[PDB]
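Student: Here you go, one structure.
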Amino acid sequence: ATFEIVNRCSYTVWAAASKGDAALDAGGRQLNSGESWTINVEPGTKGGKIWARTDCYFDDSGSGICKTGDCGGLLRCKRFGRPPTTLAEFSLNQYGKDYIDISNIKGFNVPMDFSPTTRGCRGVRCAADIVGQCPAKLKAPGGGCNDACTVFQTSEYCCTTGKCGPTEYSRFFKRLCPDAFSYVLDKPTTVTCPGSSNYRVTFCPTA
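All letters in the sequence shown, in the order written, are residues 1 to 207 by the numbering used here.
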C-alpha cells in the first residue's frame, strides 16, 4: 500500500510511521512546509499509525527529541510516539478490506486529513483548532492537547477493564472533531476501504 504523507502546515513537522514494534518504511523524516513523503506499507499491516512530531532536533546519527510525538528520541521511529499526537490509524487487508480512522485517544498536536487516493471509500478529517480550544488541564507545555488518560492515569480515562464511558474531556475532542475517536469505547468512526487501497495523510489540510 502506498501512503503519501504531506505537510501542508506552515511549520516543519517530522513525520513518523510505525506499527508499535517496528518502523513502517523508513519510520520517520523531516517534512518542511509543502513537502511530501511517499512510503510503502506491507499489505496485511495491522495497527499501523502515522503522525506528525513538532519542534524536533536531531543530530547526524538520527538521535534527538521532539516536543510532541517523540518515539524514544529517534528520527526513524520504531515505536509509537509520546502524546499529544493526532493519529492516522490503519489496518490493511483485514478480511479483504482496509480500515482507517483518525484518533484523538492519544491527544492532538496537528490537524490532519486521512483519505484514500484510490476509489471506493471516503476520507476522515480532524482539522479543528483543538490546541487553541484545549481545556486548561489537558494543555501540554511542549505544545498540543493531551488526552485525559495521559494526564490523569485513571481507569475511566484509560479504559482499563474495557468499562468506561465518555467524559467531559472525551466530549471536548468529540465536539471539535466528530469524525475522530475521542475515547477508547467511542462509537467507531472507522472507514472501510477496498483492500490494498492507497492513501494520503495531510497535516494541516485547511492551512
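Yeah, the Cβ is synthetic: ideal placement off N, Cα and C, and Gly gets one too.
(1) Using 10 angstroms around the beta-carbon of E89, count the other beta-carbons present and answer buried if the total reaches 16, otherwise exposed.
(2) Counting only runs of 3+ residues fully inside the region 105-131, write out the beta strand (DSSP E) ranges in chain order.
(3) Considering Cα atoms alone, identify which of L176, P116 and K97 is closest to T2.
(4) Going by beta-carbon coordinates alone, are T190 and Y99 separated by less than 8 angstroms?
(5) Please confirm whether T12 and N32 have their CB atoms less than 8 angstroms apart.
(6) Look at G48 and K19 and say whether their C-beta atoms are less than 8 angstroms apart.
(7) Look at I105 and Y183 and say whether their C-beta atoms are less than 8 angstroms apart.
(8) Got a sec, what are the start and stop residues for the alpha helix (DSSP H) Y169 sits in?
(9) Looking at the unbroken beta strand (DSSP E) that takes in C193, where does it start and where does it end?
(10) Please look up how many angstroms separate the CB atoms of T38 and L24, rounded, as I've assumed it's under 8 angstroms.
(11) For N7, does the count of other Cβ atoms within 10 angstroms reach 16, so buried, or fall short, so exposed?
(12) Within the continuous beta strand (DSSP E) that includes residue 265, where are the two ends?
(13) DSSP puts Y157 in a beta bridge; with which residues?
(14) Between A17, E35 and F172, which has its C-alpha nearest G107's C-alpha?
(15) Straight-line CA distance for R122 to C193?
(16) Could you give the first and the last residue of the continuous alpha helix (DSSP H) run that contains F152?
Tutor: According to the structure data:
(1) Taking the first residue of the sequence shown as position 1, residue 89 is located at position 89. Flag for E89 reads buried.
(2) At a cut-off of 3 residues, the continuous stretches assigned as beta strand (DSSP E) that sit fully inside the region 105-131 are 112-116 and 124-126.
(3) For this step, residue 2 is matched to residue 2 along the sequence shown. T2 has its Cα closest to that of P116, out of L176, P116 and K97.
(4) Reading the sequence shown from its first residue, position 190 is the one you call residue 190. Reading the sequence shown from its first residue, position 99 is the one you call residue 99. In this structure, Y99 lies closer than 8 angstroms to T190 by Cβ.
(5) Against the sequence shown, residue 12 aligns to sequence position 12. Against the sequence shown, residue 32 aligns to sequence position 32. Yes, these two residues count as a Cβ contact at 8 angstroms.
(6) Translated into the one-based positions of the sequence shown, residue 48 becomes position 48. Translated into the one-based positions of the sequence shown, residue 19 becomes position 19. Cβ distance < 8 angstroms, so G48 and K19 count as in contact.
(7) As a first step, residue 105 is located in the sequence shown; it is residue number 105 there, counting from the start. As a first step, residue 183 is located in the sequence shown; it is residue number 183 there, counting from the start. Yes, these two residues count as a Cβ contact at 8 angstroms.
(8) As a position in the sequence shown, residue 169 is number 169, starting the count at 1. Segment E168 to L176, the alpha helix (DSSP H) holding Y169.
(9) Position 193 of the sequence shown, counting from 1, holds the residue named residue 193. First-last of the beta strand (DSSP E) with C193: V191 to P194.
(10) Taking the first residue of the sequence shown as position 1, residue 38 is located at position 38. Taking the first residue of the sequence shown as position 1, residue 24 is located at position 24. Wrong, their Cβ atoms sit about 12 angstroms apart, outside the cutoff.
(11) In the sequence shown, counting from the first residue as 1, residue 7 sits at position 7. By the neighbour-count rule (16 or more Cβ atoms within 10 Å), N7 is buried.
(12) Residue 265 lies beyond the residue range present for the chain, which begins at 1 and ends at 207; the question has no answer from this structure.
(13) In the sequence shown, residue 157 corresponds to position 157, counting from 1. According to DSSP, residue pairing for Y157 in a beta bridge does not occur.
(14) Numbered from 1 along the sequence shown, position 107 holds the residue referred to as residue 107. Closest by alpha carbon: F172.
(15) Start at 1 with the first residue of the sequence shown, and residue 122 comes out as number 122. Start at 1 with the first residue of the sequence shown, and residue 193 comes out as number 193. Roughly 8 angstroms between the two C-alpha positions.
(16) By one-based count along the sequence shown, residue 152 stands at place 152. From DSSP, the alpha helix (DSSP H) with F152 extends over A148 to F152.
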